[PDB]
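In case you want the letters, here they are:
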Amino acid sequence: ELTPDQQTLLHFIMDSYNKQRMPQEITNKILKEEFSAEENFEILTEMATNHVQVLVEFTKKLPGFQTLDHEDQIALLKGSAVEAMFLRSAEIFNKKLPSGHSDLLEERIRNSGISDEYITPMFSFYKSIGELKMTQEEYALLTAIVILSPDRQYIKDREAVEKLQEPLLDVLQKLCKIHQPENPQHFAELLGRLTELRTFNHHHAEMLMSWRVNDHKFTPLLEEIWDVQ
Amino acid sequence: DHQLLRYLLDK
Ligand SMILES: Cc1cccc(C)c1-c1noc(C(C)C)c1COc1ccc(-c2ccc3cc(C(=O)O)ncc3c2)cc1
């Protein structure tokens, strides 16, 4: 029972989900460039920074985001940075998005200084989330949800964030009943990943440490969003 | 602190 109030909300999101765009010339460098542990990393870093901007343009265009406190706005962007990125890269591999270059993106990730300890689960996650046969709506809606998660660290006004997430979560459950009546547990499967994503946030802190000790410059934007001295 | 994010929102 998709109400018009919600039919408009989702449409705003899905248009934004195609509106803030990653340039082709940049992502072409996943295919174009040489395949070495040095180059693979340089490329992956380039992709990330460009994506961090795309996520900030997207997050800005989320309904009721700009009305939030300027101080909290950072803490959310900061907290959901990796998770949103993990969610978008999962969509690359799962739905095989042409401009993402899944197979070659996978070659670079698998040879960029990352430990087997963090590669195995990272790709186990990609496989399992793939098997959910997720739609562009379900991808776009989770993103909005992960960004606006009230239980991030260093937040003050979590009730105002709760007011922004609830609206999305309601709309998502509706879509899990509409397009997935066969299985009523589908809304729970989507929420299950929100928890899976969190575990990778911990993994990511250790991943960044490994690169640092092996002399791997990131970027002032990433170093800000993740905190890198 | 955190200039670039603040800047990205205001821009
Ligand atoms: C290795 C890793 C896995 C998961 C999450 C992270 C933050 C990392 C991770 N952790 O560190 C790094 C860097 C610092 C080495 C990464 C690399 O992250 C990314 C993030 C985004 C993308 C990416 C690629 C193609 C895109 C195409 C399009 C489009 O066609 O519309 N849109 C967005 C796209 C974004 C690639 C790597």
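The rules we used
- Residues numbered from 1 in each chain as written, not as in the entry; some residues may be left out.
- Chains lettered and ligands numbered in written order.
- Heavy atoms only, no water.
- Residues with missing side-chain atoms left out of burial classes, pairs and counts.
- Helix = DSSP H or I, 4+ residues; strand = E, 2+ residues; numbered from the N terminus.
- Rg over C-alpha atoms; globule rule 2.2 N^0.38 Å.
- Contact = heavy atoms within 4.5 Å.
- Polar contact = N/O pair within 3.5 Å; in protein donor to acceptor, adjacent residues only side chain to side chain.
- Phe/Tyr/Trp six-rings, centres within 6.5 Å; stacked < 30°, edge-to-face > 60°.
- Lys NZ or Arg CZ within 6 Å of the ring centre and 35° of its normal.
- Nonpolar A, V, L, I, M, F, W, Y, C, P; charged D, E, K, R; others polar.

Structure determination for the deposited model, as stated in its record, used X-ray crystallography, and the stated resolution is 2.9500 Å.

Take the overall build of chain A next. A count of helices and strands for chain A gives 11 helices and zero strands. Mapped in sequence order, the helices and strands of chain A form the string α-α-α-α-α-α-α-α-α-α-α. The C-alpha radius of gyration of chain A comes to 18 Å, within 12% of the 17 Å expected for a compact globule of 229 residues. Projecting the C-alpha coordinates of chain A onto the three principal axes gives extents of approximately 50 × 40 × 35 Å. In chain A, the proportion of contacts linking residues at least 24 apart, taken out of those at least 6 apart, comes to 74%.

Now for the side chain of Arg152(A). Residues and elements named next belong to chain A. Relative to the elements of secondary structure, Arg152 occurs in the loop between helix 8 (136-147) and helix 9 (158-178). Within the structure, the side chain of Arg152 is placed 2.7 Å from the side chain of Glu83, a separation counted as a polar contact. For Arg152, the side chain forms a polar contact with the main-chain oxygen of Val146, separated by 2.7 Å. With sequence-adjacent residues up to four places away left out, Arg152 is seen in contact with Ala75, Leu76, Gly79, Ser80, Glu83, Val146, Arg158 and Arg198.

Residue and element names in this part refer to chain A. Their ring planes at 75° and their centres at 5.2 Å tell us that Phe123 and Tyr126 sit as a pair that is edge-to-face. With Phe123 and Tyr126 both in helix 7 (residues 116-131) and three residues apart, this pair spans about one turn of that helix. One aromatic cluster in this structure is built from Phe86, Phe93, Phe123, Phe125, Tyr126 and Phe200. Across from the ring centre of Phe123, 4.3 Å away, lies the NZ or CZ of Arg110, which sits over that ring.

Counting residues at the interface gives seven residues for chain B and 12 residues for chain A. Here the residues of the side of chain B that touches chain A sort into four nonpolar, two polar and one charged.

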